[PDB]
Each structure stands twice: as structure tokens, then as C-alpha cells.
Protein chains: 2
Amino acid sequence: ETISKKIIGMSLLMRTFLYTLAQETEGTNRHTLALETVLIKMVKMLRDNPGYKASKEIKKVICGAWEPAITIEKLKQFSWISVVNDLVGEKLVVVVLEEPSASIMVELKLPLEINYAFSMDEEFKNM
Amino acid sequence: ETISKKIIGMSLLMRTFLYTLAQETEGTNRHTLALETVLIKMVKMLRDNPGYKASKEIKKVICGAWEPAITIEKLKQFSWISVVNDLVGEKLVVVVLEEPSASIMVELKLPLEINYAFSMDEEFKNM
């Protein structure tokens with residue numbers, strides 16, 4: 001019934017965004033990152049962790065045999081709009097606006113409840 | 001080196017669009033269908049074939065545990081633009097325009113080379 005058990009009970013796309021955001025903001029707090037940056041950082045997580053079931057499963061749906069690794073252009077193809085809207089719906093994320101130009105930025109809520117879910121996720125581990 | 005072997009060596013998203021189009025136009029020829037219709041027909045193929053590895057794998061990336069079957073709204077989230085552009089690139093599809101309003105329609109080229117690939121695809125079979 002926990003927050004962390006409910007995250008496991010979510011989609012892979014949602015979890016890869018959420019886990020990347022928790023991993024990219026962990027350090028000097030703030031917990032806010034540009035949506036573009038979260039996308040470049042998901043690519044890095046996927047390509048740097050071929051061993052992950054998440055990485056292997058995403059690749060089978062959006063990539064062919066000829067393709068050796070996910071690119072931003074191949075990933076950008078997904079509706080990051082819908083995941084962002086679904087995550088704000090679960091009260092796990094907040095959309096913040098960039099100071100001069102209305103650029104989308106995203107704020108992680110309760111990283112410890114997310115990281116407790118990352119730690120117990122079987123699709124986010126390597127051999 | 002065959003056309004059919006090169007289709008297997010493609011992405012799941014591309015194959016589900018291609019195989020659905022081959023399945024939906026098989027009959028009274030023409031081989032042209034509205035892009036919207038191809039999308040509603042992919043949903044039906046996925047939900048009517050839970051046994052397919054393709055169906056099971058797509059579901060893990062775009063759907064959570066709470067979600068029992070893929071909807072048009074959950075599927076529409078993908079860039080059907082990119083698959084359509086990649087398939088025209090492989091000379092396997094042609095984009096045709098709807099007579100009054102510039103509505104996207106899609107024309108299947110060589111269905112027998114596609115169906116020969118559908119018949120030998122291990123991700124498009126059930127238990």
C-alpha cells in the first residue's frame with residue numbers, strides 16, 4: 001500500500017523519468033531540472049546500463065537490430081508530456097517554469113520514497 | 001539478406017504498424033488506410049493478442065500494473081510520425097492524402113514480403 005510499492009506498480013517510461021530525475025538532482029538539492037536535461041539524462045542511463053531489464057525492454061519497442069543504442073531523437077519520439085502530466089497527477093512531480101522563456105522544468109517530490117522504490121525495482125538492476 | 005529478414009531486423013513499433021496494415025488491408029486490395037484507423041487497429045491487435053511477445057513488451061514500457069489493456073490515448077503517445085517516415089524510408093509504405101482535407105493515409109507496398117516476415121516473427125506468435 002506504500003508510495004514506493006505504488007511506483008513499482010507504474011509504467012517503465014514513468015519509472016525511467018522518475019528514477020533519472022532522482023539520480024540527476026541527488027546532491028546539491030533544488031530538485032528542479034529542465035525537461036530537456038531529464039531527457040538527455042534518460043538516454044545516458046539507458047545506454048550506460050545495457051544490463052537493466054528496463055533498458056533492454058525499451059530498446060525492443062523503439063529500436064531495430066541495426067540500432068546499437070537509444071538516441072535522444074529515438075527517445076524524444078515518446079510523449080514526455082503524458083508522463084509529466086501522469087507524474088504530477090500522482091503528486092510525485094511538479095512542473096516549474098524557467099525565468100525568462102516559459103521553458104518546462106520539473107521538480108521531484110520526496111526522493112527518499114522514490115529511491116526506496118528504485119532500490120527494490122527488479123527491472124532497474126543488472127546481472 | 002531478404003526484404004522479410006530486414007523487417008524482422010526492425011523495431012517492434014514499426015513491425016506492429018506494418019503487420020496491422022497488412023492485416024487490415026488484406027482482402028479487397030487498395031492497400032490504403034487512414035493513419036487514425038491503423039492506430040485504432042493496432043490497439044485491437046495488441047488487446048486481442050495478450051499472448052504475443054510484442055503485446056506483452058509494449059505494455060511493460062507504456063503501461064502500469066493498474067492498467068489492464070492499451071488504449072488509443074496510451075498508444076497515441078508514441079510518434080507515429082517517425083515510424084511512418086522510417087517505413088517510407090525503407091520503401092515499405094507510401095503516404096497518400098485524403099481527397100478534401102489533407103488527412104494522412106498510408107499505402108502498403110508488397111504485402112507478401114511483409115506477411116512472409118509476419119509468419120516467421122517470434123515476437124508476433126502466442127503460446
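Any read-out appearing in this document is the output of simple, stated calculations on the displayed coordinates, not a laboratory observation. FYI the Cβ positions are ideal-geometry reconstructions off the backbone, even for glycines, and counts take in every protein chain you see.
Summary of computed values
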item	result
Relative contact order for chain A, counting Cα pairs under 8 Å that sit 6 or more residues apart, in percent	35
Region A:36-91 - percent relative contact order, Cα under 8 Å, separation 6 or more	33
J(HN,Hα) series, region A:97-111, from Karplus relation 6.51 cos²θ - 1.76 cosθ + 1.60, nearest Hz, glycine and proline x	9, 5, 2, x, 9, 4, 6, 5, 9, 10, 10, 6, 9, 6, x
Whether chain A is rounded, prolate or oblate, judged on the alpha carbon gyration tensor where a/c under 1.5 counts as rounded	oblate
At 7 Å out from Cα toward Cβ: A:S119 inter-copy label distances (nm, ascending)	5.5
For region B:37-96 and region A:73-123, distance of Cα centres in Å	23
Per-residue average of Cβ from other chains inside 10 Å of B:53-62	5
Among the listed pairs A:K59/B:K59; A:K44/B:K44; A:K41/B:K74, those beyond 25 Å (Cα-Cα)	A:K44/B:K44
Calculated from backbone phi, Karplus (6.51, -1.76, 1.60) coupling profile of region A:74-89 in Hz, x at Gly/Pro	6, 6, 3, 4, 6, 8, 6, 4, 5, 5, 4, 5, 5, 5, 5, x
Placed amide H near A:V96: partners under 5 Å, 5+ positions off or other chain	A:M105, A:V106, A:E107
Inter-chain Cβ neighbour average for residues B:64-72, partner chain, 10 Å	3
Prolate/oblate/rounded label for region A:1-45 (Cα gyration tensor, a/c 1.5)	oblate
Zero-based 5 Å bins, Cα pair distances in the protein assembly as shown, whole percents	1, 6, 12, 16, 18, 15, 11, 9, 6, 4, 1, 0, 0
For A:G64, distant residues with modelled amide H under 5 Å away	B:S11
Hz values of 3J(HN,Hα) by residue in region A:10-18 - Karplus curve (6.51, -1.76, 1.60), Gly and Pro given as x	10, 5, 4, 3, 5, 5, 5, 5, 4
Distance between modelled label sites at B:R47 and A:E67, nm, 7 Å Cα→Cβ extension	2.6
Label distances, nm, A:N49 versus same residue in remaining copies, Cβ-directed 7 Å point	3.0
For residues of A:79-87, the mean tally of beta carbons on other chains within 10 Å	2
Per-peptide average of other Cβ atoms within 10 Å, ordering A:49-56, B:26-33 highest first	A:49-56, B:26-33
Relative contact order %, region A:1-62, counting alpha carbon pairs below 8 Å whose residues are six or more apart	25
Those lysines that a straight Cα-Cα span of less than 18 Å connects to B:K5, excepting residues fewer than 8 apart in one chain	A:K60, B:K91, B:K109, B:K125
